[PDB]
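Visitor: Just passing along the structure, written as structure tokens.
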Amino acid sequence: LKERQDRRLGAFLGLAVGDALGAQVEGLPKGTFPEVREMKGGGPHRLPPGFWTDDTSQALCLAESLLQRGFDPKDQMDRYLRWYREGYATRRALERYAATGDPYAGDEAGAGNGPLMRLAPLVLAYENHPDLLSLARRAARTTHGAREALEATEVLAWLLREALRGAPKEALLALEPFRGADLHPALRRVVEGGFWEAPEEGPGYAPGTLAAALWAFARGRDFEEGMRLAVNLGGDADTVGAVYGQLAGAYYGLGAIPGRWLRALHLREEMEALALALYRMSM
Ligand SMILES: [Gd+3]
Ligand SMILES: [Gd+3]
């Protein structure tokens, strides 16, 4: 069904849409700037409208790696490194890998949201794998090693899988499998309802990023409304937007994402092809 493909395309393109939109106001304190509603580009990097950042770049790298050779963390890092060296915590991980050959180069200080911003591709291709959560943890470990970042990635992997399978918003927010689970205290507070309150800003800390995305998803009645709530929190807006985009994209579907946002999106067609290829792979 196109209905099923629509969810996978939505999750992938939603990630990029959130990255591009949020990038326009990243670094700005909440409530100090005009409400973001359109793909105008700009931000600290004077981005053209619809242009995303490293969040989506890493997602693309992971997607190509998966389609090229299944789950291969070594290949993932080869691609990240190559992407990194072609341009001018993660950089430390990439250099660690370059020097030692260890693909799981993340350290305990890496509690950032990097693993969350690029996740979608993994779930699209390995949605039905019995070890999906373990694969997600390994995919996070390549650049981040903090307990809360690894667990936050597992929670997002579960969320995406369930959304792709048609689980209702209430079930996704209930996070039943994680209730009472032995998680890092910060993440436990999120799973137990910390996300119902509006964040003071878009957090860069993994648990906080997930909480901000869940909050926007909980309050937004559709993809667009939730996306605007997410990015207007300011702070790490491109990444909070990217995480929200993945969840909301999988939940609402590509057809629910504002057409003008998709038409302005850089490499829209390339991503749609990748998303479809990954989905075919999961079957
Ligand atoms: Gd960025
Ligand atoms: Gd950022």
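Residue names in the structure tokens use chain letters A, B, ... in the order shown, residue numbers from 1 in each chain, and ligand numbers from 1 in the order shown.
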Find the nearest atom pair between each residue of chain A and ligand 1 for residues within 6 Å, count only C-alpha atoms and all ligand atoms, give distances in Å to one decimal, sort rows by chain and ascending number, and present the table as CSV.

Guide:
```
residue,atom,partner,partner_atom_place_in_ligand_line,distance
A:53,CA,ligand 1,1 (Gd),4.8
A:54,CA,ligand 1,1 (Gd),4.8
A:55,CA,ligand 1,1 (Gd),5.0
A:238,CA,ligand 1,1 (Gd),5.9
```

Visitor: Kindly compile the residues surrounding ligand 2 within 10 Å, counting only C-alpha atoms and all ligand atoms, and format them as a PDB file with N, CA and C atoms, in the first residue's frame.

Guide:
```pdb
ATOM      1  N   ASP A  19      15.253  19.605  10.053  1.00  0.00           N
ATOM      2  CA  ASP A  19      16.631  20.071  10.087  1.00  0.00           C
ATOM      3  C   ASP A  19      16.712  21.432   9.385  1.00  0.00           C
ATOM      4  N   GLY A  22      14.492  24.176  11.382  1.00  0.00           N
ATOM      5  CA  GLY A  22      15.106  24.532  12.649  1.00  0.00           C
ATOM      6  C   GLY A  22      16.422  25.271  12.505  1.00  0.00           C
ATOM      7  N   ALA A  23      17.163  24.963  11.448  1.00  0.00           N
ATOM      8  CA  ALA A  23      18.449  25.603  11.206  1.00  0.00           C
ATOM      9  C   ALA A  23      18.299  27.118  11.060  1.00  0.00           C
ATOM     10  N   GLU A  26      18.397  28.202  14.858  1.00  0.00           N
ATOM     11  CA  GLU A  26      19.237  27.516  15.828  1.00  0.00           C
ATOM     12  C   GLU A  26      20.102  28.524  16.584  1.00  0.00           C
ATOM     13  N   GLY A  27      20.217  28.327  17.893  1.00  0.00           N
ATOM     14  CA  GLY A  27      21.022  29.217  18.710  1.00  0.00           C
ATOM     15  C   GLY A  27      20.268  30.403  19.289  1.00  0.00           C
ATOM     16  N   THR A  53      21.395  20.465   7.290  1.00  0.00           N
ATOM     17  CA  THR A  53      22.762  20.475   7.795  1.00  0.00           C
ATOM     18  C   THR A  53      23.351  19.087   8.036  1.00  0.00           C
ATOM     19  N   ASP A  54      24.278  18.988   8.990  1.00  0.00           N
ATOM     20  CA  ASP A  54      24.925  17.714   9.289  1.00  0.00           C
ATOM     21  C   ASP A  54      23.947  16.642   9.748  1.00  0.00           C
ATOM     22  N   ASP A  55      22.847  17.064  10.363  1.00  0.00           N
ATOM     23  CA  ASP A  55      21.848  16.121  10.844  1.00  0.00           C
ATOM     24  C   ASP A  55      21.403  15.225   9.690  1.00  0.00           C
ATOM     25  N   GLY A 112      25.365  13.945  23.750  1.00  0.00           N
ATOM     26  CA  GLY A 112      24.632  14.775  22.809  1.00  0.00           C
ATOM     27  C   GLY A 112      23.565  14.015  22.039  1.00  0.00           C
ATOM     28  N   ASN A 113      22.834  14.724  21.182  1.00  0.00           N
ATOM     29  CA  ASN A 113      21.748  14.126  20.413  1.00  0.00           C
ATOM     30  C   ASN A 113      22.106  13.639  19.009  1.00  0.00           C
ATOM     31  N   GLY A 114      23.392  13.630  18.678  1.00  0.00           N
ATOM     32  CA  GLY A 114      23.811  13.178  17.362  1.00  0.00           C
ATOM     33  C   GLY A 114      23.207  11.856  16.911  1.00  0.00           C
ATOM     34  N   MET A 117      19.449  12.419  15.757  1.00  0.00           N
ATOM     35  CA  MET A 117      19.208  13.215  14.562  1.00  0.00           C
ATOM     36  C   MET A 117      19.307  12.470  13.238  1.00  0.00           C
ATOM     37  N   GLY A 202      15.279  24.432  23.036  1.00  0.00           N
ATOM     38  CA  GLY A 202      15.555  23.163  22.381  1.00  0.00           C
ATOM     39  C   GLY A 202      16.872  22.632  22.915  1.00  0.00           C
ATOM     40  N   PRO A 203      16.854  21.563  23.730  1.00  0.00           N
ATOM     41  CA  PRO A 203      18.059  20.969  24.317  1.00  0.00           C
ATOM     42  C   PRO A 203      18.964  20.222  23.343  1.00  0.00           C
ATOM     43  N   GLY A 204      20.261  20.219  23.649  1.00  0.00           N
ATOM     44  CA  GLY A 204      21.230  19.502  22.838  1.00  0.00           C
ATOM     45  C   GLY A 204      21.516  18.160  23.496  1.00  0.00           C
ATOM     46  N   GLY A 235      17.148  27.360  20.479  1.00  0.00           N
ATOM     47  CA  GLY A 235      18.211  26.474  20.924  1.00  0.00           C
ATOM     48  C   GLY A 235      18.676  25.554  19.809  1.00  0.00           C
ATOM     49  N   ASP A 236      18.786  24.262  20.110  1.00  0.00           N
ATOM     50  CA  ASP A 236      19.213  23.276  19.119  1.00  0.00           C
ATOM     51  C   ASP A 236      17.978  22.973  18.272  1.00  0.00           C
ATOM     52  N   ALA A 237      17.494  23.995  17.575  1.00  0.00           N
ATOM     53  CA  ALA A 237      16.282  23.871  16.774  1.00  0.00           C
ATOM     54  C   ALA A 237      16.335  22.938  15.572  1.00  0.00           C
ATOM     55  N   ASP A 238      17.469  22.869  14.885  1.00  0.00           N
ATOM     56  CA  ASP A 238      17.527  21.993  13.726  1.00  0.00           C
ATOM     57  C   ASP A 238      17.454  20.530  14.140  1.00  0.00           C
ATOM     58  N   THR A 239      18.092  20.191  15.255  1.00  0.00           N
ATOM     59  CA  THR A 239      18.097  18.807  15.713  1.00  0.00           C
ATOM     60  C   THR A 239      16.782  18.410  16.396  1.00  0.00           C
ATOM     61  N   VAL A 240      16.200  19.318  17.172  1.00  0.00           N
ATOM     62  CA  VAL A 240      14.920  19.016  17.801  1.00  0.00           C
ATOM     63  C   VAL A 240      13.918  18.870  16.652  1.00  0.00           C
ATOM     64  N   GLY A 241      14.047  19.736  15.654  1.00  0.00           N
ATOM     65  CA  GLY A 241      13.155  19.661  14.514  1.00  0.00           C
ATOM     66  C   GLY A 241      13.321  18.355  13.750  1.00  0.00           C
ATOM     67  N   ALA A 242      14.563  17.894  13.613  1.00  0.00           N
ATOM     68  CA  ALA A 242      14.849  16.657  12.893  1.00  0.00           C
ATOM     69  C   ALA A 242      14.296  15.443  13.629  1.00  0.00           C
TER      70      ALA A 242
END
```

Visitor: Name the closest residue to residue A:269 among the candidates A:13, A:73, A:4, A:142; distances are taken between atoms, counting only C-alpha atoms.

Guide: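 Nearest to residue A:269: A:13.
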
Visitor: Of the residues A:97, A:88, A:12, A:51, which is the one nearest to residue A:251, using only C-alpha atoms?

Guide: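 Closest residue, counting only C-alpha atoms: A:12.
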
Visitor: Which of these residues is nearest to residue A:191, using only C-alpha atoms: A:218, A:155, A:171, A:256?

Guide: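 Closest candidate: A:155.
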
Visitor: Choose the residue, out of A:143, A:65, A:128, A:58, that has the smallest atom-to-atom separation from residue A:96; count only C-alpha atoms.

Guide: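 Answer, going by the shortest atom-to-atom distance: A:143.
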
Visitor: Determine the nearest neighbour of residue A:225 from the options A:67, A:257, A:183, A:116, counting only C-alpha atoms.

Guide: A:257

Visitor: Which residues, written as an mmCIF file with N, CA, C and O atoms, in the first residue's frame, have at least one atom at most 8 Å from residue A:157, with only C-alpha atoms counted and residues fewer than 6 positions away on the same chain left out?

Guide:
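And here is the file that came out, result-v2.cif:
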```
data_model
loop_
_atom_site.group_PDB
_atom_site.id
_atom_site.type_symbol
_atom_site.label_atom_id
_atom_site.label_comp_id
_atom_site.auth_asym_id
_atom_site.auth_seq_id
_atom_site.Cartn_x
_atom_site.Cartn_y
_atom_site.Cartn_z
ATOM 1 N N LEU A 119 18.852 8.823 13.047
ATOM 2 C CA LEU A 119 18.292 7.482 13.199
ATOM 3 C C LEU A 119 17.333 6.856 12.187
ATOM 4 O O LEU A 119 17.510 5.693 11.829
ATOM 5 N N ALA A 120 16.330 7.608 11.743
ATOM 6 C CA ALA A 120 15.308 7.102 10.819
ATOM 7 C C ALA A 120 15.712 6.011 9.820
ATOM 8 O O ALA A 120 15.076 4.958 9.763
ATOM 9 N N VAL A 123 15.772 2.424 11.173
ATOM 10 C CA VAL A 123 14.472 1.833 11.463
ATOM 11 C C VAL A 123 13.716 1.490 10.178
ATOM 12 O O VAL A 123 12.979 0.501 10.120
ATOM 13 N N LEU A 132 16.479 -4.880 16.705
ATOM 14 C CA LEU A 132 16.462 -3.475 16.317
ATOM 15 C C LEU A 132 17.009 -2.520 17.374
ATOM 16 O O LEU A 132 17.817 -1.649 17.052
ATOM 17 N N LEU A 133 16.578 -2.668 18.626
ATOM 18 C CA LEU A 133 17.057 -1.767 19.666
ATOM 19 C C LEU A 133 18.563 -1.887 19.861
ATOM 20 O O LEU A 133 19.244 -0.890 20.117
ATOM 21 N N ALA A 136 20.265 -0.141 17.084
ATOM 22 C CA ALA A 136 20.183 1.301 17.316
ATOM 23 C C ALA A 136 21.282 1.725 18.288
ATOM 24 O O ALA A 136 21.954 2.732 18.072
#
```

Visitor: Report as a PyMOL selection string: the residues of stretch 15-118 of chain A with a DSSP assignment of helix (DSSP H, G or I), based on the backbone of this structure.

Guide: chain A and resi 15-23+43-45+54-69+73-85+90-100+114-117

Visitor: Write the residues you've just listed into a file as a CSV table (one decimal), in the first residue's frame, and include C-alpha atoms for each of them.

Guide:
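Result file is again.csv:
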```csv
chain,number,residue,atom,x,y,z
A,15,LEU,CA,13.8,14.5,9.3
A,16,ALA,CA,15.3,16.8,6.6
A,17,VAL,CA,12.4,19.2,6.8
A,18,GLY,CA,12.9,19.7,10.5
A,19,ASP,CA,16.6,20.1,10.1
A,20,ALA,CA,16.2,22.8,7.4
A,21,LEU,CA,13.4,24.6,9.2
A,22,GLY,CA,15.1,24.5,12.6
A,23,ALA,CA,18.4,25.6,11.2
A,43,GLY,CA,20.2,31.2,10.4
A,44,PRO,CA,23.8,31.6,11.5
A,45,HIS,CA,24.9,29.9,8.3
A,54,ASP,CA,24.9,17.7,9.3
A,55,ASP,CA,21.8,16.1,10.8
A,56,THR,CA,20.5,15.1,7.4
A,57,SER,CA,23.9,14.6,6.0
A,58,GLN,CA,24.6,11.9,8.5
A,59,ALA,CA,21.2,10.4,7.9
A,60,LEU,CA,22.0,10.2,4.2
A,61,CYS,CA,25.4,8.6,4.9
A,62,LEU,CA,23.8,6.0,7.2
A,63,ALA,CA,21.0,5.3,4.6
A,64,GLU,CA,23.6,4.7,1.8
A,65,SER,CA,25.7,2.5,4.1
A,66,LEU,CA,22.7,0.3,5.0
A,67,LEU,CA,21.6,-0.1,1.4
A,68,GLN,CA,25.2,-0.9,0.4
A,69,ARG,CA,26.2,-3.4,3.0
A,73,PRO,CA,29.3,0.4,11.7
A,74,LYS,CA,32.8,0.4,10.2
A,75,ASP,CA,31.4,1.4,6.8
A,76,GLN,CA,29.2,4.0,8.5
A,77,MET,CA,32.2,5.7,10.0
A,78,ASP,CA,34.1,5.5,6.7
A,79,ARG,CA,31.4,7.5,5.2
A,80,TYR,CA,31.0,10.0,8.0
A,81,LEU,CA,34.8,10.5,8.1
A,82,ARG,CA,34.9,11.0,4.3
A,83,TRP,CA,31.9,13.4,4.5
A,84,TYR,CA,33.7,15.2,7.4
A,85,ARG,CA,37.1,15.5,5.6
A,90,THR,CA,31.6,13.6,16.9
A,91,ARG,CA,34.8,15.1,15.3
A,92,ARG,CA,36.7,13.6,18.2
A,93,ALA,CA,35.1,10.2,17.5
A,94,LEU,CA,35.8,10.4,13.8
A,95,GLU,CA,39.5,11.1,14.5
A,96,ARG,CA,39.6,8.4,17.1
A,97,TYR,CA,38.3,6.0,14.4
A,98,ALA,CA,40.8,7.2,11.8
A,99,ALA,CA,43.6,6.5,14.2
A,100,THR,CA,42.6,3.3,15.9
A,114,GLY,CA,23.8,13.2,17.4
A,115,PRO,CA,22.6,9.5,17.4
A,116,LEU,CA,19.0,10.7,17.4
A,117,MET,CA,19.2,13.2,14.6
```

Visitor: Atom CA of residue A:195 and atom CA of residue A:179, how far apart in Å?

Guide: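 These atoms are spaced 14.0 Å apart.
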
Visitor: What does the structure give for the distance between atom CA of residue A:227 and atom CA of residue A:87, in Å to one decimal?

Guide: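 One can read the atom CA of residue A:227 to atom CA of residue A:87 distance as 28.8 Å.
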
Visitor: Which of these residues is nearest to residue A:181, using only C-alpha atoms: A:162, A:103, A:211, A:151?

Guide: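 Using only C-alpha atoms, residue A:181 sits closest to A:151.
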